[PDB]
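All remarks here apply to the structure that follows.
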Amino acid sequence: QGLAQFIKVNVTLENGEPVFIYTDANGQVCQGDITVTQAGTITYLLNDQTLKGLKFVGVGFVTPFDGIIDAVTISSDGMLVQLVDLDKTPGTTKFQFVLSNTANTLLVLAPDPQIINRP
């Protein structure tokens with residue numbers, strides 16, 4: 001058995017633009033970077049408070065072939081994304097949530113968090 005971590009992705013608007021605030025299972029604001037110390041999953045739940053109809057479309061990586069995250073799954077309503085991390089390859093990867101919105105046809109990118117694997 002591995003570990004299942006749960007993070008909430010709160011999105012508000014400030015000055016007409018999205019602001020992403022992550023909270024942990026204790027309701028604490030967390031900066032977003034995570035250390036993974038055994039195989040497991042990371043589950044992100046969207047709490048969209050923007051009124052802009054945000055939905056997750058996926059998780060974006062500048063280095064998608066680095067093997068730090070094995071897979072991304074997404075729910076049919078775009079309210080959840082989950083990362084599979086088997087924590088074999090040690091190292092670090094950065095990713096950004098990619099979201100659609102109902103106001104326009106541009107995708108929305110969150111700013112940057114990091115996954116650190118320690119096998």
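Here the Cβ positions follow ideal geometry from the backbone for every residue, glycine too, while neighbour counts run over all protein chains shown. What follows is calculated from the coordinates using simple rules that are stated; it is not laboratory data.
In straight-distance terms, cross-link reach from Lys52 covers every one of the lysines whose alpha-carbon lies under 29 Å from its own, apart from those fewer than eight places away in the same chain; here that gives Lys8, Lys94. Sequentially through the range 102-119, phi angles give Karplus couplings (6.51, -1.76, 1.60; θ = phi - 60°) of 8, 7, 8, 9, 8, 7, 9, 10, 6, x, 9, x, 10, 10, 10, 8, 10, x Hz, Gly and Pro residues having no value and appearing as x. Bridge orientation summary for the chain: considering DSSP beta bridges with both residues in this region, about 70 percent are antiparallel. The label-point distance for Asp24 and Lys94, in a model that sets each label 7 Å from Cα toward Cβ, rounds to 2.3 nm. Among the chymotrypsin sites (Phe, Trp or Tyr not before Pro) in the range 43-83, those placed in a DSSP loop whose Cβ has at most 13 other Cβ atoms within 10 Å are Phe65. A cut-off of 5 Å between modelled amide H atoms, ignoring neighbours fewer than 5 places along the same chain, links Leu3 with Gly40, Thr41.
With both labels modelled 7 Å from their Cα along Cα-to-Cβ, the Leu109 to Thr35 distance reads 2.9 nm. Rounded to the nearest whole angstrom, the semi-axes of the ellipsoid equivalent to the chain, taken from the Cα gyration tensor as √(5λ), stand at 25, 15, 13, largest first.
Each part reduced to its alpha carbon centroid, the range 1-63 and the range 100-119 end up 9 Å apart.
Each residue of the range 33-42 is assigned a 3J(HN,Hα), and the resulting list reads 4, 10, 9, 10, 10, 6, 4, x, 10, 10 Hz, derived from the Karplus form 6.51 cos²θ - 1.76 cosθ + 1.60 (θ = phi - 60°), x at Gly and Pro. Residue exposure proxy: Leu3, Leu106, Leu99, ordered by other Cβ atoms within 10 angstrom of their Cβ from fewest to most, comes out as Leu106, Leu3, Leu99.
By the beta-carbon count within 10 Å of each Cβ, the least crowded to most crowded order of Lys88, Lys94, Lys52, fewest first, is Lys88, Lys94, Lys52. Neighbour counting of Cβ atoms within 10 Å sorts the residues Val9, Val72, fewest neighbours leading, into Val72, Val9.
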